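Here's the structure, in structure tokens; my notes come after.
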Ligand SMILES: [Mg+2]
């Protein structure tokens with residue numbers, strides 16, 4: 003009802019975005035002078051539609067694309083030509099810029115060479131360059147349901163993304179694995195590959211037809227997982243979704259888990275393990291990913307078991323020297339496969355490329371420093387992303403009031419049960435004595451976007 007003037011609307015907007023901490027307008031209307039209260043008012047007045055999310059702004063996450071000049075790859079740099087091998091960037095349906103690709107080579111005698119090719123980002127982003135500094139200031143690419151704000155310029159992604167061009171330069175990790183999964187050798191080198199893009203479901207279809215390299219990649223991944231599990235490795239693969247938002251509204255799509263998705267994941271793990279092995283052998287400091295023992299032992303792979311396990315996990319800590327990763331069953335590990343979207347991965351590439359160029363990689367001291375600096379930024383970026391995903395997920399829920407969702411009890415707190423709706427990767431508290439693992443049907447009501455809360459209930463129980 004209160005028709006605010008333009009200047010007033012903006013005043014309220016600055017508060018909703020967290021840029022201001024007060025508002026004479028809200029104060030006057032007997033409304034709380036809080037970002038959430040300003041948000042609700044803007045919705046009630048029609049100034050803002052339900053599509054708008056204030057979380058990136060509130061957390062001071064960068065919403066602007068990086069407008070710095072991007073260097074070209076050096077054509078004279080010698081690279082191992084692998085354009086003759088079938089190579090594939092296999093990703094989620096709807097993905098747009100590949101960081102990685104996989105391939106294999108039979109080496110005879112039961113030995114197989116696994117190739118994990120990664121976008122050669124460090125060839126374009128040198129330590130301390132304006133590109134490196136801005137990427138460090140962001141920590142990670144911000145993937146909102148309605149837009150993507152890269153850690154690096156769009157120009158850079160367009161030129162380094164694998165498979166975006168007929169042939170692509172890459173920084174590759176190669177591991178020679180015997181039938182049992184033991185690595186007889188690991189290498190890191192600059193390459194040139196011809197990559198074909200496929201969604202996980204499409205690679206799965208090829209695996210099912212017995213097509214190579216899918217059949218071989220699956221054999222290697224299975225043997226590798228069995229080895230890591232033998233070393234205490236345990237899973238927290240809970241249901242995932244794609245959250246999208248556009249002109250037509252919000253959408254939440256369940257992410258299928260074909261075997262090829264698991265296989266590709268294992269190839270990334272092998273690549274990170276090899277990278278760490280390589281760095282350890284050559285005394286190259288990297289942001290090694292470590293994880294100490296969990297709070298308590300939790301067995302099983304059911305939803306409730308994985309739900310509990312995730313809560314007991316020790317935090318993943320990145321340090322300049324190798325350390326065991328309990329969750330992965332590895333003695334050492336480094337994330338090296340997503341340099342376009344994660345700053346730590348880019349640092350791994352910068353360190354490896356420096357070594358390859360016969361130069362001096364950053365010392366452990368500067369490494370500990372850059373890890374600390376980037377992580378604070380990555381934390382804020384990731385939180386802005388998580389809040390934004392929940393926002394649109396609620397819009398999706400609110401658009402289908404009549405829908406009944408399938409849920410599972412994954413935890414309990416008194417008379418309260420935590421219900422996870424897999425198709426939404428969304429959980430809510432609901433009164434019910436149902437034991438963990440119990441399948442229930444739930445309906446949602448009273449969605450409040452500014453506060454992002456909803457009331458759920460077990461139906462026809
Ligand atoms: Mg990928």
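Numbering (the entry's author numbering), first residue to last: 3 to 463. Note that beta-carbon positions come from the ideal geometry of N, C-alpha and C, so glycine has one too.
Straight-line Cα distance separating residue j from residue i
i, j, result
"residue 179", "residue 111", "11 Å"
"residue 196", "residue 361", "29 Å"
"residue 253", "residue 187", "45 Å"
"residue 457", "residue 440", "20 Å"
"residue 113", "residue 330", "24 Å"
"residue 395", "residue 386", "14 Å"
"residue 20", "residue 314", "33 Å"
"residue 151", "residue 343", "10 Å"
"residue 144", "residue 383", "6 Å"
"residue 83", "residue 194", "5 Å"
"residue 209", "residue 216", "5 Å"
"residue 451", "residue 29", "21 Å"
"residue 172", "residue 163", "9 Å"
"residue 348", "residue 414", "40 Å"
"residue 11", "residue 32", "16 Å"
"residue 211", "residue 437", "41 Å"
"residue 443", "residue 429", "13 Å"
"residue 419", "residue 310", "13 Å"
"residue 69", "residue 359", "28 Å"
"residue 81", "residue 139", "31 Å"
"residue 76", "residue 191", "15 Å"
"residue 316", "residue 242", "22 Å"
"residue 461", "residue 49", "36 Å"
"residue 449", "residue 400", "6 Å"
"residue 355", "residue 402", "51 Å"
"residue 422", "residue 244", "16 Å"
"residue 1", "residue 318", "As shown, the chain starts at 3 and ends at 463. That puts residue 1 outside it, with no answer to give."
"residue 160", "residue 7", "43 Å"
"residue 435", "residue 231", "34 Å"
"residue 63", "residue 86", "42 Å"
"residue 78", "residue 129", "21 Å"
"residue 297", "residue 214", "42 Å"
"residue 189", "residue 364", "20 Å"
Residue(s) in a DSSP beta bridge with residue i
i, result
"residue 295", "BP columns for residue 295 are empty, so no partner."
"residue 458", "446"
"residue 433", "418"
"residue 200", "92"
"residue 428", "423"
"residue 194", "83 and 171"
"residue 398", "Residue 398 is not bridged to any residue."
"residue 78", "Beta-bridge pairing links residue 78 to no other residue."
"residue 107", "115"
"residue 441", "410"
"residue 290", "321"
Residues near residue i by beta carbon distance below 7 Å, same chain, minus five either side
i, result
"residue 158", "72 and 126"
"residue 218", "106 and 114"
"residue 61", "382, 385 and 386"
"residue 123", "162, 341, 342, 348 and 351"
6 Å Cβ shell around residue i - same chain, five flanking residues per side excluded
i, result
"residue 308", "238 and 240"
"residue 281", "288"
"residue 148", "247"
"residue 333", "326"
"residue 262", "202, 205, 206 and 209"
"residue 165", "91, 100, 197 and 199"
"residue 55", "390 and 393"
Closer than 7 Å: residue i CB and nearest ligand 1 heavy atom
i, result
"residue 452", "no"
"residue 91", "yes"
"residue 100", "yes"
Neighbourhood of residue i by C-beta distance below 8 Å, restricted to the same chain and skipping five residues each side
i, result
"residue 22", "13 and 16"
"residue 89", "103, 104, 105, 117, 119, 195, 196, 197 and 198"
"residue 366", "287, 322 and 323"
"residue 339", "101, 102, 118, 120, 270, 273, 274 and 347"
"residue 406", "443, 444, 445 and 461"
Subject >> Completely contained alpha helix (DSSP H) runs for the segment 212 to 260, where each covers 4 or more residues >> reply: 216 to 232
**OP:** Output the residue ranges of the beta strand (DSSP E) runs that lie fully inside the segment 113 to 177 and measure 3 residues or longer, sorted by chain position.
**Re:** 114 to 121
Subject >> Segments of 4+ residues assigned as alpha helix (DSSP H) that fall wholly inside the segment 10 to 67 >> reply: Counting only unbroken stretches of 4 or more residues, the alpha helix (DSSP H) elements lying wholly within the segment 10 to 67 are 26 to 30, 37 to 47 and 57 to 60, in sequence order.
Original post:
Can you list, in chain order, the stretches of the beta strand (DSSP E) that have 3 or more residues and sit fully within the segment 297 to 379?
Top reply: Those beta strand (DSSP E) runs which fall completely within the segment 297 to 379 and span 3+ residues are 318 to 321.
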